[PDB]
């Protein structure tokens, strides 16, 4: 029942059954050959009365060994290659999914955790498919066949003590678990002592100033004393565990091998059966560890499969809603919009406002209100539930989200880079039009070519994977140019201002003003430099829009009491 | 030659030779018993023609096994206990040293690195002393004795192939190294892919806004494709390595054990010698790994010993300079002080100033000048080289640094806590006087008892190891109380004042003003609230004191041009 999701997930990479089954069957045949090699060794041992059959037997054993090696090599290659294909398919599906999950999943959930889930679960599934399933089948077949052949060869007298010995291993195992428990306790004590030292050392200035060094010495001494005490206990336990484990192991070996030798001396049914018995001993010892690893990694793999299944269940739409974009130039109105992240909290209550077309509008919000939520709502990262963010009769209820994102430009505060070259930064506007070869020419219009005129290169100019050799202001200028290059119709600004300084603010703002005066602009930032360039101003407070109109006189009056209190808080 | 520092470091814990040598000798005897057990097994195997000597032989073997187990247990306990004693001594010496190393070592070197060095090197020395030296001796003795006894038992015919087999291991080993190389390459590729995904995901907002999701999909696909390519190579290599390693191993086993069986069938000099031969095989296989681990950990241990030796070489003086404190109340003058961290740079040049006795003096410094260096120099954490920071005729060249630290109070900015209870915070002033039971009464004078009057407790009030449930202001007030409790004669303030605001700045400042108006006070902080309470003001610039006199008119005039430019930089 639990294996059904795993089988379905493997089935997502459908053309992977025949070769995997063939590889598993060939691994089974290779395993059955390892059960025949000791029999040939026994025949060779028993046939040394004449020296001709001996050499023939070494030849035959060498040939069988080479055949087994070749078959095992082919089976391992097939298994590993099929597992790699399955992992490639799984990673492709996961990445295609994820680059398309709504931004809400990432914001309200976990960024690095998703990457860790994908990377670890794919590798665990690989380890299960290529090694652990085939390993378990091989181990079970090897153990059963070796036990059966030993039972046929020797009646039971030595096989019975062979199966009794795992009871000695069974009493041995709790001792090893106690070893791990004591070791973990000692490690925890060592970590506590290290934490205490890392507590003390940074404030050595305070330690010296109070002149209480000896006090800290004694404290440290107490810590090491505790460590020593635990060490003494682990010394007693290791003195009890170590030699005893050795003793039991040797007692098993002496019992088994010695008994075989005894049956050799009495004249019983084993000499070459004794040699094959030792070989079967090794072929029984190895697969037990293989099966245990199989079970552990099977538990890990069912967990990983459930995680990958829950990741592969998310949904989203890009153009499913409709296709009705013709102009994208209408006044934007808010109509009783009340929805945040979860319907229970209601982090937004009937927010409504009137914004014209081709009019710069500024948004002023508090430190903890609904300015970020309104930013994401106006950028259409959340789906409306009760209210309507309405352009255009809600053919903003029947056009495509992809088309709306096409007609909007977005740089917020950092927008550092999509690392690579500047070519990608200007070819992210390659929307089937391909901008022919006018991209750098756009930089000429967007005041970017002259700024980049130092020209390390134009295509080999590498910002690096890290992207640290260029600062924020130049990159924000590049994003402004990208917005001007993509589809300069609607602009949505959080007004990225970092290390640009007053001289650059005016440069980039006058460039954007000349390029986008006839088109709609939206600003959401903090300062009062965009608001003066904004024809209409708004204000967000307690998840509600409170304030409409022009900037100068209204903000001089509206911002007199409560917005002024908020400001006086802000400088403080 | 290289072992001499290690021997000396062990010699620092002198009374640890006799019992360690006895434990090593008993481990040797225990090892020599394991070379006799297979011989008794061979005798038992050969003596099964009669069943009485058989049972006597099982009895004797069991007795020898129990004797060996007991001896090994005692030897292991002695070795582990002696190693724990050595580690306790080493940690005690290291902690006593480092709590007394000049603050310069910590500031210009590494805090967490020293803790890591102590913790790791002590454990490595433990692992070498308790296990690896005895392990190597045991392994060498076991291998040599087993080879000699096999040579005596069997002439050479099977021992020769036994020593030939390690050549098969020798050709096997490079294959395993190639396995590790390919695995490391695959791991590096996986890490690169994970880094690429962690690059992409956080900016999924920018990814969606540009509407280039497919582009990021294809990029990710390329990454996974590269992974798959490397996986294919590792599939080919593992298909060549795995079965081949198995084949060679089995070929060795079949060769050796089978040959023994052949000598059994022909009537040669081994049946119970074959059983003992297999036992000696195990007793030869284990110590090779033991010796290899010994060599690796010996290299690690010589490195750790050199590190611990260089840590145990630092020096400092507390009262070595002299003992001439009688009053500690004299004007403090600076006389051509020119010394920073290293004499080459000269990060301080002839700094001189005149400060009176019982006069509050403020220090104003820039963001990157010599204010921190002058702070540490005036607090005596660095040793003068050219100039003289002179009180008192330089009996500040002949009194004790410990006494000077006794007569000074220090809280700078955080001084968070020496975690524990408030009892430690008020018993760090326990200077042989023991303040009788007046500590809380001092808090009554120092405006601290009324502030702490909520009383969760007075001795069970725990701030925790972390120390997070109380903020900075209360702890700074406790530090001020501690300074008033220790020896309120000279105060050195970086001003604990922070974001506490007037409610608390004025409260703590008026408490300190009432308690310490008749005594000398030194302030080094940034703002202009301490300077107005400071009778004389100074200023640091480019590692030189530039400005002397009162606050109001001089700072109004001196701070008009250049200090005002620095300020206008500071608000900007």
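None of the figures in this text is laboratory data; all of them are computed from the coordinates on show. Methodologically, a virtual Cβ is constructed for each residue, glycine included, from the backbone with ideal geometry; neighbour enumeration extends over all protein chains shown.
Where the label is 7 Å out from Cα toward Cβ, how close does residue A:471 come to the same position in every other copy, in nm, shortest first?
3.5
Over chain B, what is the relative contact order in whole percent, taking alpha-carbon pairs under 8 Å and six or more residues apart?
Once normalised by length, the contact order is 15 percent.
Indicate, rounded to the nearest 5 percent, the antiparallel portion of the DSSP beta bridges found entirely in the range B:320-572.
Around 40 percent antiparallel, to the nearest 5.
If packing is taken as the average count of other Cβ atoms within 10 Å, what order do B:73-82, A:501-510 fall into, highest mean first?
B:73-82, A:501-510
Using a 10 Å cut-off around each Cβ of peptide A:80-91, what is the average number of partner chain Cβ atoms that fall inside?
Across the residues of A:80-91, the mean count of other-chain Cβ atoms within 10 Å is 4.
How would the range B:408-555 be classified by its alpha-carbon gyration tensor: rounded, prolate or oblate, with rounded meaning a/c under 1.5 and the a/b versus b/c comparison settling the rest?
On the way: a/c = 2.09, a/b = 1.82, b/c = 1.15.
The shape class here is prolate.
Relative contact order for the range B:1-319: what percent, with Cα pairs under 8 Å and sequence separation of 6 or more?
Details: 222 pairs, mean separation 115.0, N = 319.
Relative contact order, the range B:1-319: 36 percent.
Once a ≥ b ≥ c are taken as the square roots of the eigenvalues of the Cα gyration tensor of the range B:1-319, is the result rounded (a/c under 1.5), prolate (a/b larger than b/c) or oblate (a/b not larger than b/c)?
Verdict is oblate for the range B:1-319.
Test of understanding: ordering B:217, A:428 by Cβ neighbours within 10 Å, fewest first, what list do you get?
Listing B:217, A:428 from fewest to most nearby Cβ atoms yields B:217, A:428.
I'd like to compare A:314-322, B:252-260: which one has the highest average count of other Cβ atoms within 10 Å, and what's the full order after that?
Numbers: A:314-322: 12.8, B:252-260: 21.6.
Descending packing order for the listed peptides: B:252-260, A:314-322.
Between copies, how far does the label point of residue B:376 sit from its twins, in nm, shortest first, when each point is 7 Å from Cα along Cα→Cβ?
4.6
Run a plain Debye calculation on the range A:498-556 (Cα atoms as equal point scatterers, no solvent) and give log10 I(q)/I(0) at q = 0.16, 0.29 Å⁻¹, rounded to two decimals, same order as the q list.
Taking Cα atoms of the range A:498-556 as identical point scatterers yields -0.61, -1.28.
Could you give the Stokes-Einstein D for chain A in µm² per second, using the C-alpha Kirkwood radius, 20 °C, 1.002 mPa s? Could the numbers behind the result be given before it?
Values: Rh = 31.9 Å.
Reported coefficient: 67 µm²/s.
If each DSSP helix of 4+ residues adds -39,500 (n - 2.57) and the sum is divided by the residues in chain A, what number results at 222 nm, nearest 500 deg cm²/dmol?
-20500 deg cm²/dmol
Considering only DSSP beta bridges whose two residues both sit in the protein assembly as shown, what percent are antiparallel, to the nearest 5? Intermediate values should be presented prior to the final figure.
Working: 22 of 52 bridges.
In the protein assembly as shown, DSSP labels about 40 percent of beta bridges as antiparallel.
Could you work out the relative contact order of the range A:320-572? I mean the mean sequence separation of Cα pairs under 8 Å and 6+ apart, divided by the number of residues, in percent.
Averaging sequence separation for qualifying contacts and normalising by length gives 28 percent for the range A:320-572.
Run the label-point distances for residue A:343 please: 7 Å along Cα to Cβ, every other copy, nanometres, shortest first.
With the label placed 7 Å along Cα→Cβ, residue A:343 yields 8.0 nm.
Using a 10 Å cut-off around each Cβ of peptide A:463-471, what is the average number of partner chain Cβ atoms that fall inside?
Mean partner shielding for this stretch: 1.
For chain A, give me the percentage of DSSP beta bridges that are antiparallel, rounded to the nearest 5 percent.
Values: 11 of 26 bridges.
So the antiparallel bridges amount to about 40 percent of the total.
Treating the angle as unsigned and between 0 and 90°, give the value, to the nearest 10°, between the Cα long axis of helix B:18-34 and the longest Cα principal axis of chain B.
30
First check a/c for the protein assembly as shown, with a ≥ b ≥ c the square roots of the eigenvalues of its C-alpha gyration tensor; if it is under 1.5, answer rounded, and if not, answer prolate when a/b is larger than b/c or oblate otherwise.
oblate
How tilted is helix B:502-515 with respect to the longest principal axis of chain B? Cα atoms for both, answer in degrees (0 to 90, nearest 10).
80
Starting from the Kirkwood radius over alpha-carbon pairs of the range A:320-572, derive D by Stokes-Einstein at 37 °C in a medium of 0.692 mPa s and give it in µm² s⁻¹.
So the translational diffusion coefficient is about 168 µm²/s.
Summarise the partner chain shielding of B:235-248 as one whole number: the mean count of Cβ atoms from other chains within 10 Å of each residue's Cβ. Mind dumping the intermediate values first?
Values: counts 10, 5, 2, 7, 10, 4, 2, 7, 11, 3, 1, 8, 7, 2.
The per-residue average across the peptide is 6.
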